[PDB]
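The data below hold one chain only, encoded as structure tokens and taken in the form deposited in one PDB entry.
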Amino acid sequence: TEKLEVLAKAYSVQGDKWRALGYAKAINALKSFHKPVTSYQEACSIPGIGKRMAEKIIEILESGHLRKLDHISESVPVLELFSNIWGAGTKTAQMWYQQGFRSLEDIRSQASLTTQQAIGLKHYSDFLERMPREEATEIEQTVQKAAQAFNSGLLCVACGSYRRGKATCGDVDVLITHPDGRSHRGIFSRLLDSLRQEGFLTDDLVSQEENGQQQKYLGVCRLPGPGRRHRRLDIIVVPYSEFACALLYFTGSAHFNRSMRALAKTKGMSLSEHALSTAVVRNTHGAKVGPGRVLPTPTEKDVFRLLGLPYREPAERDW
């Protein structure tokens, strides 16, 4: 478990996403075994664990150490360091490494940075910190108030880890919509200008403001007063007809979403933040070829029901 995690992270930072999820699944299994793995045959009996993983287990439980962990490239720690810069992923980290960069100082002084990456670097430490749930509330209220200021009808909901009831939040995810099914259009320009006027927003990461069909705003904010840190803010404005699917998507968790969408896929359906669809056509590779039909989903419960699944409260989706 504690040993299988080091490998999982290494593969993740190296770009082997599926192997990484493979390890993550095994680790999760071991963390829920009525008893500690005492034998190879026992390890193989657990779903999500096979000979390969079992062997490594039978080694850690015996040899006390896993030879694998002692052979992990020395580049990993650096790749992880670089990958934690907002806007930089595995490809950029590997490129910087190949170019001989080994520290953030190297990046600051020698690396070519995108506009997003420079913001990520400037707030490096802050972006790795999680904020108290209470601060998330304060941030949501700052956005809601600015929104209801020019349209008291607007509906604002804090989603993500906040809605799932977590004690701390990585960022604050605010969903904005309007019950009148029309007053949501082009409200990003007004809201962002307002939030900027009060100095709440400090940096923009993703915001297609030239597009009137802008769907999301990814940025950075900071509440007033001393002792405040820069916090990440994710805002999406959606049409009321998509409210249920958008809320479901934005609430997550990410793992929960992928599992739910995977289920829908096994039923010839498809689920996005826009809608739940049926009669979806896919090829042998599993890729979509036909769009299908959009199903009516007034509430999140409707989505679960149409999928033949028992409704799950947000805190029940913390996967």
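Residue positions are given as counts along the sequence shown, with the first one as 1. Basically, rigid core = biggest C-alpha set you can superpose within 1.5 Å across the two forms.
J.: State which stretch shows the higher mean Cα B factor in the entry: 30-38 or 258-266.
T.: Looking at the recorded C-alpha B-factors, 30-38 comes out higher on average.
J.: Mean CA B-factor: is it higher for 236-244 or for 148-156?
T.: Result: 148-156.
J.: Per the PDB entry, which option out of 165, 179, 219, 170 has the greatest Cα B factor?
T.: The record points to 179.
J.: Among 126, 138, 203, 210, where is the Cα temperature factor highest, going by the PDB entry?
T.: Result of the comparison over 126, 138, 203, 210: 210.
J.: Place residue 113 in the lowest, middle or highest third of its chain's C-alpha B-factors, as listed in the PDB entry.
T.: Its C-alpha B-factor, which the entry lists for residue 113, ranks in the middle third among residues of this chain.
J.: Is residue 120 in the lowest, middle or highest third of its chain when residues are ranked by C-alpha B-factor?
T.: Bottom third by C-alpha B-factor.
J.: Tell me, lowest, middle or highest third: where does the Cα B factor of residue 276 rank within its chain?
T.: It falls in the middle third of the chain.
J.: According to the PDB entry, is the CA B factor of residue 83 in the bottom, middle or top third of its chain, that is, lowest, middle or highest?
T.: Lowest third.
J.: Grab the CA temperature factor for residue 94 from the record and place it in the lowest, middle or highest third of its chain.
T.: Lowest third, going by the recorded CA B-factors of the chain.
As for the form deposited in another entry, it is not shown, yet the points below apply to it.
J.: Quick one: once the rigid core is lined up, does residue 51 have its C-alpha move by 2 Å or more between this form and the one not shown?
T.: The answer is yes; the displacement is at least 2 Å.
J.: Can a Cα shift of no less than 2 Å be assigned to residue 213 between this form and the one not shown, given superposition on the rigid core?
T.: Yes, the C-alpha moves 2 Å or more.
J.: Could you tell me whether residue 213 and residue 303 have their C-alpha atoms closer or farther apart in the other entry than in the shown form, knowing the shift is 3 angstroms or more?
T.: Pair moves closer in the other entry.
J.: Look at the CA atoms of residue 199 and residue 209: state whether they lie closer or farther apart in the other entry than in this form, given a difference of 3 Å or more.
T.: Pair moves farther apart in the other entry.
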